[PDB]
Each structure stands twice: as C-alpha cells, then as structure tokens.
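*Asks:* What follows is input.pdb, made up of PDB, C-alpha atoms (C1' of nucleotides):
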```
ATOM      1  CA  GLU A 210      29.952 -78.489  39.253  1.00  0.00           C
ATOM      2  CA  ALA A 211      31.692 -75.311  38.106  1.00  0.00           C
ATOM      3  CA  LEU A 212      29.538 -75.403  34.970  1.00  0.00           C
ATOM      4  CA  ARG A 213      26.471 -75.582  37.224  1.00  0.00           C
ATOM      5  CA  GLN A 214      27.562 -72.483  39.144  1.00  0.00           C
ATOM      6  CA  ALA A 215      28.245 -70.751  35.817  1.00  0.00           C
ATOM      7  CA  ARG A 216      24.766 -71.548  34.489  1.00  0.00           C
ATOM      8  CA  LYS A 217      23.193 -70.260  37.696  1.00  0.00           C
ATOM      9  CA  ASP A 218      25.226 -67.039  37.612  1.00  0.00           C
ATOM     10  CA  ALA A 219      24.096 -66.605  34.010  1.00  0.00           C
ATOM     11  CA  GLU A 220      20.417 -67.024  34.890  1.00  0.00           C
ATOM     12  CA  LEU A 221      20.773 -64.005  37.206  1.00  0.00           C
ATOM     13  CA  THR A 222      21.625 -61.524  34.436  1.00  0.00           C
ATOM     14  CA  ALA A 223      19.596 -58.708  32.890  1.00  0.00           C
ATOM     15  CA  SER A 224      21.091 -58.563  29.363  1.00  0.00           C
ATOM     16  CA  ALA A 225      19.736 -54.979  29.096  1.00  0.00           C
ATOM     17  CA  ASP A 226      18.424 -55.520  25.548  1.00  0.00           C
ATOM     18  CA  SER A 227      14.680 -55.935  26.054  1.00  0.00           C
ATOM     19  CA  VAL A 228      14.274 -58.209  23.041  1.00  0.00           C
ATOM     20  CA  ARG A 229      17.059 -60.344  24.517  1.00  0.00           C
ATOM     21  CA  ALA A 230      15.364 -60.440  27.925  1.00  0.00           C
ATOM     22  CA  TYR A 231      12.017 -61.484  26.442  1.00  0.00           C
ATOM     23  CA  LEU A 232      13.652 -64.084  24.188  1.00  0.00           C
ATOM     24  CA  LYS A 233      15.264 -65.449  27.344  1.00  0.00           C
ATOM     25  CA  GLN A 234      12.049 -65.547  29.366  1.00  0.00           C
ATOM     26  CA  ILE A 235      10.064 -67.290  26.615  1.00  0.00           C
ATOM     27  CA  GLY A 236      12.382 -70.318  26.567  1.00  0.00           C
ATOM     28  CA  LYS A 237      11.543 -71.328  30.136  1.00  0.00           C
ATOM     29  CA  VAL A 238       8.478 -73.410  29.227  1.00  0.00           C
ATOM     30  CA  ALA A 239       8.930 -76.463  27.022  1.00  0.00           C
ATOM     31  CA  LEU A 240       6.815 -77.229  23.959  1.00  0.00           C
ATOM     32  CA  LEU A 241       4.131 -79.939  23.781  1.00  0.00           C
ATOM     33  CA  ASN A 242       2.773 -82.719  21.560  1.00  0.00           C
ATOM     34  CA  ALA A 243      -0.633 -83.373  20.014  1.00  0.00           C
ATOM     35  CA  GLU A 244      -2.153 -85.255  22.955  1.00  0.00           C
ATOM     36  CA  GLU A 245      -0.965 -82.526  25.315  1.00  0.00           C
ATOM     37  CA  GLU A 246      -2.616 -79.956  23.041  1.00  0.00           C
ATOM     38  CA  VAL A 247      -5.955 -81.769  23.001  1.00  0.00           C
ATOM     39  CA  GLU A 248      -6.043 -82.334  26.769  1.00  0.00           C
ATOM     40  CA  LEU A 249      -5.080 -78.697  27.366  1.00  0.00           C
ATOM     41  CA  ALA A 250      -7.810 -77.454  25.027  1.00  0.00           C
ATOM     42  CA  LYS A 251     -10.341 -79.741  26.713  1.00  0.00           C
ATOM     43  CA  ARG A 252      -9.318 -78.211  30.038  1.00  0.00           C
ATOM     44  CA  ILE A 253      -9.895 -74.711  28.642  1.00  0.00           C
TER      45      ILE A 253
ATOM     46  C1'  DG B   1     -35.280  11.145  -8.217  1.00  0.00           C
ATOM     47  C1'  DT B   2     -37.816   8.230  -4.956  1.00  0.00           C
ATOM     48  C1'  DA B   3     -41.902   6.035  -3.681  1.00  0.00           C
ATOM     49  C1'  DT B   4     -43.984   0.466  -5.357  1.00  0.00           C
ATOM     50  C1'  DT B   5     -46.260  -4.179  -7.579  1.00  0.00           C
ATOM     51  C1'  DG B   6     -46.200  -7.979 -10.500  1.00  0.00           C
ATOM     52  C1'  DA B   7     -43.982 -11.494 -12.732  1.00  0.00           C
ATOM     53  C1'  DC B   8     -39.507 -13.944 -14.109  1.00  0.00           C
ATOM     54  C1'  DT B   9     -35.482 -16.362 -13.633  1.00  0.00           C
ATOM     55  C1'  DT B  10     -31.611 -18.323 -10.268  1.00  0.00           C
ATOM     56  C1'  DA B  11     -28.377 -20.225  -6.653  1.00  0.00           C
ATOM     57  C1'  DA B  12     -28.614 -22.484  -2.373  1.00  0.00           C
ATOM     58  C1'  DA B  13     -30.071 -25.397   0.028  1.00  0.00           C
ATOM     59  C1'  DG B  14     -32.606 -29.816   1.877  1.00  0.00           C
ATOM     60  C1'  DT B  15     -33.249 -34.233   0.845  1.00  0.00           C
ATOM     61  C1'  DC B  16     -33.487 -39.247  -1.228  1.00  0.00           C
ATOM     62  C1'  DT B  17     -30.917 -42.622  -3.570  1.00  0.00           C
ATOM     63  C1'  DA B  18     -26.755 -45.132  -4.956  1.00  0.00           C
ATOM     64  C1'  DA B  19     -21.490 -46.682  -4.849  1.00  0.00           C
ATOM     65  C1'  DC B  20     -17.490 -46.471  -2.882  1.00  0.00           C
ATOM     66  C1'  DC B  21     -14.870 -46.232   1.110  1.00  0.00           C
ATOM     67  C1'  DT B  22     -14.064 -48.335   6.256  1.00  0.00           C
ATOM     68  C1'  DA B  23     -13.950 -51.092  10.444  1.00  0.00           C
ATOM     69  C1'  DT B  24     -13.687 -55.811  11.003  1.00  0.00           C
ATOM     70  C1'  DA B  25     -13.475 -60.827  10.711  1.00  0.00           C
ATOM     71  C1'  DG B  26     -11.250 -65.033   8.861  1.00  0.00           C
ATOM     72  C1'  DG B  27      -8.233 -68.263   6.695  1.00  0.00           C
ATOM     73  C1'  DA B  28      -6.532 -75.631   9.659  1.00  0.00           C
ATOM     74  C1'  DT B  29       0.131 -79.972   6.388  1.00  0.00           C
ATOM     75  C1'  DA B  30       3.760 -78.169   9.241  1.00  0.00           C
ATOM     76  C1'  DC B  31       6.679 -74.666  10.830  1.00  0.00           C
ATOM     77  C1'  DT B  32       8.475 -72.900  18.408  1.00  0.00           C
ATOM     78  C1'  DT B  33      14.832 -68.350  21.592  1.00  0.00           C
ATOM     79  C1'  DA B  34      16.809 -61.905  16.515  1.00  0.00           C
ATOM     80  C1'  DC B  35      20.708 -59.481  15.378  1.00  0.00           C
ATOM     81  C1'  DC B  36      40.022 -45.254  16.260  1.00  0.00           C
ATOM     82  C1'  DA B  37      40.061 -38.291  20.171  1.00  0.00           C
ATOM     83  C1'  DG B  38      41.206 -36.702  24.883  1.00  0.00           C
ATOM     84  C1'  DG B  39      40.293 -34.538  29.363  1.00  0.00           C
ATOM     85  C1'  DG B  40      38.112 -33.890  33.369  1.00  0.00           C
ATOM     86  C1'  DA B  41      34.827 -35.190  37.115  1.00  0.00           C
ATOM     87  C1'  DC B  42      31.963 -38.384  39.734  1.00  0.00           C
ATOM     88  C1'  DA B  43      30.323 -42.857  41.324  1.00  0.00           C
ATOM     89  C1'  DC B  44      30.638 -47.973  42.254  1.00  0.00           C
ATOM     90  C1'  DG B  45      33.108 -52.519  43.446  1.00  0.00           C
ATOM     91  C1'  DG B  46      37.762 -54.869  45.334  1.00  0.00           C
ATOM     92  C1'  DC B  47      41.307 -55.217  48.057  1.00  0.00           C
ATOM     93  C1'  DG B  48      44.072 -54.226  52.055  1.00  0.00           C
TER      94       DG B  48
END
```
Give the structure from the file, written as structure tokens.

*Replies:*
Amino acid sequence: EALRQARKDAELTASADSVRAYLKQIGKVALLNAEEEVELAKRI
DNA sequence: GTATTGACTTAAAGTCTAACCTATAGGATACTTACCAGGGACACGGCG
C-alpha cells in the first residue's frame, strides 16, 4: 500500500544524471527466451 | 661591346607502374540496469 505509493512516486523522478535516466528507461522491457527470439525474427 | 647560330647538357615536368595506406566489412557457447569558507541576493514550495 504505502510501498506502492512510494514506488509510483519514484517512477516520476528525473534523476538528472543522463546515464542514470537511460539506465532506468532500458529496464522497462523484460528479456526473452529462444523461442521468443525465433518468432520475433520470423516476424521481422 | 653588342649583334647571332649551332650544338650540348640539364632540371622539371608528365606519365605509367607498383606497394602501401584507407574506408569498410565481419566474426555465432553464453554473457542483459555504471559509478570543511562566508555573505549577500533572488527564487520556489509550505504553512498559516
């Protein structure tokens, strides 16, 4: 509950440091596995 | 001294050929979030 509000408040922060901001934005998307890779490549 | 021609050799190109740089591509086990001051003035967010 309070932890949830804390996490949300955190997500709305700049962190100034541009490396820090990019390192934050790259973690949004999860990784994949082999079958996901092959289906994705087939789509491409 | 100042008017010439006929050779006689020479550096500077002008060019063809060869090697030595240069722009570029590629590489398939798997690896997935880096790292001691003060002193004054002005502006922004909270609280009453």

*Asks:* Rounded to one decimal place, report the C1' of residue 44 in chain B-CA of residue 226 in chain A distance in Å.

*Replies:* 22.0 Å

*Asks:* Distance limit 12 Å, atoms considered: only C-alpha atoms (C1' of nucleotides). Which chain A residues sit that close to chain B? Return them as a ChimeraX atom specification.

*Replies:* /A:226-242

*Asks:* Can you tell me how far CA of residue 251 in chain A sits from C1' of residue 25 in chain B, in Å to one decimal?

*Replies:* 25.0 Å

*Asks:* Given the point (-2.9, -74.1, 15.4) in the file's coordinates, find the residues that have an atom at most 10 Å from it, counting all atoms listed in the file, and give them as a ChimeraX atom specification.

*Replies:* /A:246 /B:28,30

*Asks:* Go ahead and compute the interatomic distance for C1' of residue 43 in chain B and CA of residue 218 in chain A, in Å to one decimal.

*Replies:*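 The value is 25.0 Å.
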